[PDB]
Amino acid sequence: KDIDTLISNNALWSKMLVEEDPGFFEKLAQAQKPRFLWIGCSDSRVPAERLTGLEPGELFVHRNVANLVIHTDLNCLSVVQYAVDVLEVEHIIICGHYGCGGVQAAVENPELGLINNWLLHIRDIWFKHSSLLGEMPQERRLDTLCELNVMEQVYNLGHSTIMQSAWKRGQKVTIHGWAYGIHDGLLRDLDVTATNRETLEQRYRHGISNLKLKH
């Protein structure tokens, strides 16, 4: 697959929509405000459209390395704020994945250059849950660190002024923390779903509980 290839395939794909689905065109222009925001990893091993079944333009998308929501990341925050305040998305989904190359680089910690700074946000979390991970077998640790990372970005997100003020306003917005692996492509809801500031706290704690309970 080189460039002339994708250009060629595009043209033909576009022609053949006429016989497969012309309305694919017309579903998009009518309406189409998306109802969901998806925050994912740039690894994007499986595309959210395919995972979920959603048509495109029911979705609004942010993808950074390891699907982080840093407190002061104006890029990601700008996506969220537009999504919540302007497109009035009903749900937001942070999806991680087992085998995440950036979760991995945080842990193994090679000298990769500029990215290592971004990954320090992951090592912070790994530290934060040291004890928890200590009490479980090493085989299960990396993947648990994926689940913890999602869960923490869910926590971060509900703490943003954007979400705080939206919930207090009476806007109906729910946050989710999912993960999947490429062994099956099967979603695992991490149980951190947050419909307000109270449930954000409860369910943050609940889910950390269930990792510290099961292990």
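Heads up: residue numbers just count along the shown sequence, starting at 1.
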Quiz item: With respect to the recorded C-alpha B factors, which stretch has the higher mean value, 112-120 or 127-135?
Solution: 127-135
Practice problem: Using the B-factors recorded in the PDB entry, average over the C-alpha atoms of 30-38 and of 165-173, then report which stretch comes out higher. | Solution: 30-38
Practice problem: Relative to the other modelled residues of the same chain, rank the CA B-factor of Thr193 and answer lowest, middle or highest third. | Solution: middle
Quiz item: Compared with the other modelled residues in the chain, in which third is the CA B-factor of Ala11?
Solution: middle
Practice problem: State the tercile, meaning the lowest, middle or highest third, of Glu147 with respect to the CA B-factors recorded for its chain. | Solution: middle
Quiz item: Should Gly181 be placed in the lowest, middle or highest third of its chain by the C-alpha B factor in the entry?
Solution: lowest
Quiz item: Once the chain's modelled residues are ordered by C-alpha B factor and cut into thirds, is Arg141 in the lowest, middle or highest one?
Solution: middle
